[PDB]
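Chemist: Input file: structure_36.cif. Contents: mmCIF, C-alpha atoms.
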data_coords
loop_
_atom_site.label_atom_id
_atom_site.label_comp_id
_atom_site.auth_asym_id
_atom_site.auth_seq_id
_atom_site.Cartn_x
_atom_site.Cartn_y
_atom_site.Cartn_z
CA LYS A 61 36.11 -12.51 -29.90
CA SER A 62 36.79 -11.98 -26.21
CA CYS A 63 34.33 -12.79 -23.40
CA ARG A 64 32.45 -10.49 -21.08
CA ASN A 65 35.27 -10.55 -18.50
CA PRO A 66 35.17 -12.44 -15.19
CA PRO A 67 32.95 -11.36 -12.21
CA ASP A 68 34.85 -10.07 -9.14
CA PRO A 69 34.93 -12.20 -5.90
CA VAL A 70 35.06 -10.41 -2.55
CA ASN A 71 38.55 -10.42 -0.93
CA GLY A 72 39.84 -11.66 -4.24
CA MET A 73 41.85 -9.98 -7.02
CA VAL A 74 41.30 -11.29 -10.58
CA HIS A 75 40.41 -14.77 -11.92
CA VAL A 76 42.79 -14.71 -14.85
CA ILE A 77 45.99 -12.89 -15.52
CA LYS A 78 45.15 -12.86 -19.25
CA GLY A 79 42.63 -15.03 -20.85
CA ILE A 80 39.15 -13.85 -21.19
CA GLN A 81 38.81 -14.94 -24.82
CA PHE A 82 37.27 -18.22 -26.18
CA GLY A 83 40.44 -20.23 -25.84
CA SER A 84 41.25 -18.87 -22.45
CA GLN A 85 40.03 -19.80 -18.98
CA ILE A 86 39.39 -18.06 -15.72
CA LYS A 87 40.36 -19.87 -12.57
CA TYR A 88 38.56 -19.46 -9.26
CA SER A 89 39.82 -20.44 -5.80
CA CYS A 90 37.66 -19.98 -2.66
CA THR A 91 38.01 -18.98 0.97
CA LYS A 92 38.48 -22.08 3.12
CA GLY A 93 35.13 -23.71 3.97
CA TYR A 94 33.75 -22.58 0.62
CA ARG A 95 33.74 -24.48 -2.66
CA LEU A 96 32.82 -23.64 -6.20
CA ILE A 97 29.24 -24.36 -7.07
CA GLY A 98 29.72 -24.58 -10.82
CA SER A 99 33.08 -24.94 -12.44
CA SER A 100 36.17 -23.34 -10.96
CA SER A 101 37.44 -22.59 -14.35
CA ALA A 102 35.47 -21.42 -17.29
CA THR A 103 36.08 -21.50 -20.89
CA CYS A 104 34.83 -18.70 -22.98
CA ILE A 105 32.38 -19.79 -25.73
CA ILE A 106 29.56 -18.63 -27.95
CA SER A 107 25.96 -19.47 -27.04
CA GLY A 108 25.05 -18.72 -30.58
CA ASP A 109 24.66 -15.03 -31.12
CA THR A 110 27.56 -13.82 -28.89
CA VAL A 111 30.53 -14.81 -26.70
CA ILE A 112 29.76 -15.65 -23.10
CA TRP A 113 31.35 -17.80 -20.42
CA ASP A 114 30.42 -21.57 -20.26
CA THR A 115 30.16 -21.55 -16.50
CA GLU A 116 29.27 -17.83 -15.98
CA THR A 117 31.69 -18.23 -13.05
CA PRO A 118 31.05 -20.31 -9.92
CA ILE A 119 30.00 -18.65 -6.77
CA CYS A 120 31.97 -19.58 -3.65
CA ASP A 121 29.33 -20.88 -1.32
CA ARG A 122 29.78 -22.57 1.97
CA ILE A 123 30.59 -26.17 1.27
CA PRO A 124 27.18 -27.89 1.20
CA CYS A 125 28.92 -31.25 1.94
CA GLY A 126 25.61 -32.65 0.72
CA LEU A 127 24.63 -36.23 1.39
CA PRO A 128 27.50 -37.60 3.50
CA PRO A 129 29.59 -40.35 1.89
CA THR A 130 28.09 -43.79 1.94
CA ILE A 131 29.24 -46.56 4.10
CA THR A 132 29.80 -50.21 3.70
CA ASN A 133 27.36 -51.26 6.53
CA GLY A 134 24.49 -48.76 6.43
CA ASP A 135 24.59 -44.95 6.53
CA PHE A 136 25.86 -43.06 9.59
CA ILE A 137 24.97 -41.67 12.91
CA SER A 138 24.02 -38.11 13.09
CA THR A 139 21.17 -36.11 14.48
CA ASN A 140 20.39 -35.00 10.90
CA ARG A 141 20.38 -37.70 8.20
CA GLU A 142 21.15 -35.22 5.41
CA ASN A 143 23.83 -32.63 5.73
CA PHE A 144 23.84 -28.80 5.70
CA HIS A 145 26.94 -26.60 5.20
CA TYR A 146 30.60 -26.88 6.30
CA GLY A 147 31.49 -27.62 9.93
CA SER A 148 29.06 -30.50 10.22
CA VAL A 149 30.07 -33.89 11.67
CA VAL A 150 28.61 -37.44 11.41
CA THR A 151 29.67 -40.70 13.01
CA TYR A 152 30.02 -44.00 11.18
CA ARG A 153 29.94 -47.15 13.08
CA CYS A 154 30.11 -50.70 11.95
CA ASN A 155 27.08 -52.70 12.99
CA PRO A 156 26.28 -55.98 14.68
CA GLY A 157 24.41 -58.31 12.31
CA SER A 158 22.23 -60.81 14.15
CA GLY A 159 22.25 -58.75 17.32
CA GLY A 160 25.00 -59.10 19.89
CA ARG A 161 27.42 -60.66 17.36
CA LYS A 162 29.91 -58.49 15.47
CA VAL A 163 30.44 -59.14 11.89
CA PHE A 164 32.32 -55.94 11.00
CA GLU A 165 35.56 -54.00 11.81
CA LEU A 166 36.23 -50.26 11.27
CA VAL A 167 39.30 -48.38 9.96
CA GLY A 168 39.94 -46.28 13.11
CA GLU A 169 38.48 -42.87 12.33
CA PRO A 170 34.64 -43.32 12.58
CA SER A 171 33.68 -39.69 12.89
CA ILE A 172 34.18 -37.28 10.06
CA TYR A 173 33.60 -33.64 9.54
CA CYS A 174 33.70 -31.21 6.71
CA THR A 175 37.26 -29.85 6.28
CA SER A 176 37.81 -30.09 2.43
CA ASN A 177 41.62 -30.80 2.65
CA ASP A 178 41.34 -33.66 0.14
CA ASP A 179 42.32 -33.37 -3.56
CA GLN A 180 38.55 -33.30 -4.29
CA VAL A 181 36.65 -29.97 -4.74
CA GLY A 182 35.48 -29.88 -1.15
CA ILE A 183 34.54 -32.75 1.09
CA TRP A 184 34.65 -34.22 4.56
CA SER A 185 37.78 -35.09 6.64
CA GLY A 186 38.14 -37.92 4.25
CA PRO A 187 36.10 -40.43 2.37
CA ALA A 188 33.73 -42.51 4.49
CA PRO A 189 35.71 -45.01 6.55
CA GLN A 190 35.09 -48.51 5.69
CA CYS A 191 34.37 -51.48 7.79
CA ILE A 192 37.78 -53.07 7.20
#
Using structure tokens, write down the structure that the file contains.
Modeler:
Amino acid sequence: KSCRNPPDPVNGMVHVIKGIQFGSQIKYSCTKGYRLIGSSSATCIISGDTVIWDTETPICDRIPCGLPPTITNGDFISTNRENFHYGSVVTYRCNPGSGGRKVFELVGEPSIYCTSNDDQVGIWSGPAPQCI
């Protein structure tokens, strides 16, 4: 039994060329700066009584970029501790331990921003730099 058919994204054509049935999946890309909330592909299944989509299709929302990546030393520098949507930036810095004395080094790119060009679903400019 075939599924309900995929919902239609704005400025988008169709999720699947052919494949709305149980054994078929609908794929969903997003406009840059947006990610998929749920699952970019869905597999058609039965809830019990009837055939519906497992994911019900993700909605492309602006990349929440929620809770910036953790750091080796201790969080990051930003005016807001927890992050809002895409375009945000935080700065990681490696910290003195006792006080004046340095105990840590940093990779070379301390400040990151949400750009989602990684193989991940949608993240920052990269993973948190580490104090190496």
Chemist: Residues picked by the PyMOL selection byres ((chain A and resi 176) around 10) here, as an MDAnalysis selection string?
Modeler: chainID A and resid 92:95 123 125 146 173:175 177:186
Chemist: For residue 131 of chain A, which residue among A:150, A:63, A:111, A:191 is the nearest when counting only C-alpha atoms?
Modeler: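 Ranking A:150, A:63, A:111, A:191 by distance to residue 131 of chain A, first place goes to A:191.
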Chemist: Can you translate the PyMOL selection byres ((chain A and resi 135-141) around 10) into the concrete residues it hits in this file, as an MDAnalysis selection string?
Modeler: chainID A and resid 127:134 142:144 148:154 170:171 188
Chemist: Using all atoms listed in the file, which of the listed residues (A:84, A:110, A:103, A:97) sits closest to residue 122 of chain A?
Modeler: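 The answer is A:97, which sits nearest to residue 122 of chain A.
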Chemist: Check what the PyMOL selection byres ((chain A and resi 75) around 6) selects in the file above and give those residues as a list in words.
Modeler: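 Answer for the PyMOL selection byres ((chain A and resi 75) around 6): residues 74, 76, 86, 87 and 88 of chain A.
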Chemist: For atom CA of residue 126 of chain A and atom CA of residue 98 of chain A, quote the distance in Å rounded to one decimal.
Modeler: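 Going from atom CA of residue 126 of chain A over to atom CA of residue 98 of chain A, I get 14.7 Å.
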Chemist: Using Å and a single decimal, report how far atom CA of residue 71 of chain A sits from atom CA of residue 91 of chain A.
Modeler: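 Separation between atom CA of residue 91 of chain A and atom CA of residue 71 of chain A: 8.8 Å.
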Chemist: What is the distance, in Å and to one decimal place, between atom CA of residue 85 of chain A and atom CA of residue 67 of chain A?
Modeler: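 Calculated distance between atom CA of residue 85 of chain A and atom CA of residue 67 of chain A is 12.9 Å.
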Chemist: May I have the centre and edge lengths, in Å to one decimal, of an axis-aligned box around the listed atoms of segment 134-145 of chain A with 8 Å added to every side, as AutoDock Vina command-line options?
Modeler:
--center_x 23.7 --center_y -37.7 --center_z 9.8 --size_x 22.6 --size_y 38.2 --size_z 25.3
Chemist: Which of these residues is nearest to residue 102 of chain A, using only C-alpha atoms: A:66, A:147, A:78, A:72?
Modeler: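 Checking each of A:66, A:147, A:78, A:72 against residue 102 of chain A, counting only C-alpha atoms, the winner is A:66.
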Chemist: Nearest to residue 112 of chain A among A:189, A:69, A:83, A:160, with distances taken over all atoms listed in the file: which residue is it?
Modeler: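 Closest residue, counting all atoms listed in the file: A:83.
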Chemist: Taking only C-alpha atoms into account, which of A:107, A:117, A:155, A:99 comes nearest residue 80 of chain A?
Modeler: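 The answer is A:117, which sits nearest to residue 80 of chain A.
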Chemist: Using only C-alpha atoms, find the one residue out of A:120, A:172, A:73, A:166 that sits nearest to residue 96 of chain A.
Modeler: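 Once distances to residue 96 of chain A are computed over only C-alpha atoms, the minimum belongs to A:120.
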Chemist: Generate N, CA and C atoms for segment 143-178 of chain A and emit them as a PDB file, keeping the file's coordinate frame.
Modeler:
ATOM      1  N   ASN A 143      22.949 -33.674   5.285  1.00  0.00           N
ATOM      2  CA  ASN A 143      23.830 -32.630   5.730  1.00  0.00           C
ATOM      3  C   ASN A 143      23.520 -31.198   5.187  1.00  0.00           C
ATOM      4  N   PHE A 144      23.850 -30.214   6.032  1.00  0.00           N
ATOM      5  CA  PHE A 144      23.840 -28.800   5.700  1.00  0.00           C
ATOM      6  C   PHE A 144      25.293 -28.363   5.433  1.00  0.00           C
ATOM      7  N   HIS A 145      25.590 -27.098   5.578  1.00  0.00           N
ATOM      8  CA  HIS A 145      26.940 -26.600   5.200  1.00  0.00           C
ATOM      9  C   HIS A 145      28.094 -27.060   6.146  1.00  0.00           C
ATOM     10  N   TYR A 146      29.278 -26.567   5.755  1.00  0.00           N
ATOM     11  CA  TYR A 146      30.600 -26.880   6.300  1.00  0.00           C
ATOM     12  C   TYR A 146      30.672 -26.684   7.833  1.00  0.00           C
ATOM     13  N   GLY A 147      31.372 -27.617   8.490  1.00  0.00           N
ATOM     14  CA  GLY A 147      31.490 -27.620   9.930  1.00  0.00           C
ATOM     15  C   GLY A 147      30.650 -28.710  10.571  1.00  0.00           C
ATOM     16  N   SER A 148      29.884 -29.414   9.753  1.00  0.00           N
ATOM     17  CA  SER A 148      29.060 -30.500  10.220  1.00  0.00           C
ATOM     18  C   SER A 148      29.913 -31.757  10.491  1.00  0.00           C
ATOM     19  N   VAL A 149      29.392 -32.652  11.328  1.00  0.00           N
ATOM     20  CA  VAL A 149      30.070 -33.890  11.670  1.00  0.00           C
ATOM     21  C   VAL A 149      29.059 -35.064  11.791  1.00  0.00           C
ATOM     22  N   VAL A 150      29.452 -36.243  11.314  1.00  0.00           N
ATOM     23  CA  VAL A 150      28.610 -37.440  11.410  1.00  0.00           C
ATOM     24  C   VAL A 150      29.492 -38.576  11.951  1.00  0.00           C
ATOM     25  N   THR A 151      28.882 -39.612  12.482  1.00  0.00           N
ATOM     26  CA  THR A 151      29.670 -40.700  13.010  1.00  0.00           C
ATOM     27  C   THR A 151      29.291 -42.004  12.324  1.00  0.00           C
ATOM     28  N   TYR A 152      30.262 -42.722  11.832  1.00  0.00           N
ATOM     29  CA  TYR A 152      30.020 -44.000  11.180  1.00  0.00           C
ATOM     30  C   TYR A 152      30.435 -45.086  12.115  1.00  0.00           C
ATOM     31  N   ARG A 153      29.617 -46.067  12.238  1.00  0.00           N
ATOM     32  CA  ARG A 153      29.940 -47.150  13.080  1.00  0.00           C
ATOM     33  C   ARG A 153      29.564 -48.430  12.367  1.00  0.00           C
ATOM     34  N   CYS A 154      30.335 -49.445  12.590  1.00  0.00           N
ATOM     35  CA  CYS A 154      30.110 -50.700  11.950  1.00  0.00           C
ATOM     36  C   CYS A 154      29.154 -51.459  12.843  1.00  0.00           C
ATOM     37  N   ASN A 155      28.233 -52.160  12.245  1.00  0.00           N
ATOM     38  CA  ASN A 155      27.080 -52.700  12.990  1.00  0.00           C
ATOM     39  C   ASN A 155      27.109 -54.174  13.239  1.00  0.00           C
ATOM     40  N   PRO A 156      26.546 -54.583  14.392  1.00  0.00           N
ATOM     41  CA  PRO A 156      26.280 -55.980  14.680  1.00  0.00           C
ATOM     42  C   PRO A 156      25.258 -56.518  13.668  1.00  0.00           C
ATOM     43  N   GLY A 157      25.361 -57.794  13.275  1.00  0.00           N
ATOM     44  CA  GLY A 157      24.410 -58.310  12.310  1.00  0.00           C
ATOM     45  C   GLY A 157      23.177 -58.921  12.930  1.00  0.00           C
ATOM     46  N   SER A 158      23.339 -60.102  13.501  1.00  0.00           N
ATOM     47  CA  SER A 158      22.230 -60.810  14.150  1.00  0.00           C
ATOM     48  C   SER A 158      21.679 -60.023  15.348  1.00  0.00           C
ATOM     49  N   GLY A 159      22.597 -59.474  16.131  1.00  0.00           N
ATOM     50  CA  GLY A 159      22.250 -58.750  17.320  1.00  0.00           C
ATOM     51  C   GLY A 159      23.490 -58.444  18.123  1.00  0.00           C
ATOM     52  N   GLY A 160      23.771 -59.264  19.107  1.00  0.00           N
ATOM     53  CA  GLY A 160      25.000 -59.100  19.890  1.00  0.00           C
ATOM     54  C   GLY A 160      26.276 -59.317  19.083  1.00  0.00           C
ATOM     55  N   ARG A 161      26.235 -60.268  18.161  1.00  0.00           N
ATOM     56  CA  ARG A 161      27.420 -60.660  17.360  1.00  0.00           C
ATOM     57  C   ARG A 161      27.922 -59.588  16.408  1.00  0.00           C
ATOM     58  N   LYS A 162      29.248 -59.365  16.444  1.00  0.00           N
ATOM     59  CA  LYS A 162      29.910 -58.490  15.470  1.00  0.00           C
ATOM     60  C   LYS A 162      30.319 -59.236  14.263  1.00  0.00           C
ATOM     61  N   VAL A 163      30.064 -58.613  13.169  1.00  0.00           N
ATOM     62  CA  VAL A 163      30.440 -59.140  11.890  1.00  0.00           C
ATOM     63  C   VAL A 163      31.381 -58.182  11.150  1.00  0.00           C
ATOM     64  N   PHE A 164      31.573 -56.997  11.706  1.00  0.00           N
ATOM     65  CA  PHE A 164      32.320 -55.940  11.000  1.00  0.00           C
ATOM     66  C   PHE A 164      33.400 -55.268  11.866  1.00  0.00           C
ATOM     67  N   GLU A 165      34.435 -54.768  11.197  1.00  0.00           N
ATOM     68  CA  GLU A 165      35.560 -54.000  11.810  1.00  0.00           C
ATOM     69  C   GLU A 165      35.538 -52.595  11.229  1.00  0.00           C
ATOM     70  N   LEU A 166      36.236 -51.636  11.825  1.00  0.00           N
ATOM     71  CA  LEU A 166      36.230 -50.260  11.270  1.00  0.00           C
ATOM     72  C   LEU A 166      37.681 -49.761  11.169  1.00  0.00           C
ATOM     73  N   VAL A 167      37.930 -48.820  10.267  1.00  0.00           N
ATOM     74  CA  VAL A 167      39.300 -48.380   9.960  1.00  0.00           C
ATOM     75  C   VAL A 167      40.001 -47.771  11.201  1.00  0.00           C
ATOM     76  N   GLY A 168      39.314 -46.902  11.941  1.00  0.00           N
ATOM     77  CA  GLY A 168      39.940 -46.280  13.110  1.00  0.00           C
ATOM     78  C   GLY A 168      39.572 -44.825  13.285  1.00  0.00           C
ATOM     79  N   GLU A 169      38.920 -44.267  12.291  1.00  0.00           N
ATOM     80  CA  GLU A 169      38.480 -42.870  12.330  1.00  0.00           C
ATOM     81  C   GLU A 169      36.996 -42.807  11.927  1.00  0.00           C
ATOM     82  N   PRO A 170      36.093 -43.232  12.853  1.00  0.00           N
ATOM     83  CA  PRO A 170      34.640 -43.320  12.580  1.00  0.00           C
ATOM     84  C   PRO A 170      33.895 -42.003  12.391  1.00  0.00           C
ATOM     85  N   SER A 171      34.439 -40.914  12.879  1.00  0.00           N
ATOM     86  CA  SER A 171      33.680 -39.690  12.890  1.00  0.00           C
ATOM     87  C   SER A 171      34.332 -38.642  11.996  1.00  0.00           C
ATOM     88  N   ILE A 172      33.603 -38.158  11.025  1.00  0.00           N
ATOM     89  CA  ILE A 172      34.180 -37.280  10.060  1.00  0.00           C
ATOM     90  C   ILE A 172      33.436 -35.974  10.005  1.00  0.00           C
ATOM     91  N   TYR A 173      34.135 -34.958   9.591  1.00  0.00           N
ATOM     92  CA  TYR A 173      33.600 -33.640   9.540  1.00  0.00           C
ATOM     93  C   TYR A 173      34.091 -32.924   8.328  1.00  0.00           C
ATOM     94  N   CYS A 174      33.379 -31.924   7.924  1.00  0.00           N
ATOM     95  CA  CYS A 174      33.700 -31.210   6.710  1.00  0.00           C
ATOM     96  C   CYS A 174      34.895 -30.290   6.922  1.00  0.00           C
ATOM     97  N   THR A 175      36.000 -30.619   6.228  1.00  0.00           N
ATOM     98  CA  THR A 175      37.260 -29.850   6.280  1.00  0.00           C
ATOM     99  C   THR A 175      37.864 -29.544   4.870  1.00  0.00           C
ATOM    100  N   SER A 176      37.364 -30.250   3.837  1.00  0.00           N
ATOM    101  CA  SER A 176      37.810 -30.090   2.430  1.00  0.00           C
ATOM    102  C   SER A 176      39.345 -29.978   2.188  1.00  0.00           C
ATOM    103  N   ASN A 177      40.137 -30.766   2.896  1.00  0.00           N
ATOM    104  CA  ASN A 177      41.620 -30.800   2.650  1.00  0.00           C
ATOM    105  C   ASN A 177      42.046 -31.937   1.704  1.00  0.00           C
ATOM    106  N   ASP A 178      41.082 -32.622   1.142  1.00  0.00           N
ATOM    107  CA  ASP A 178      41.340 -33.660   0.140  1.00  0.00           C
ATOM    108  C   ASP A 178      41.550 -33.037  -1.239  1.00  0.00           C
TER     109      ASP A 178
END
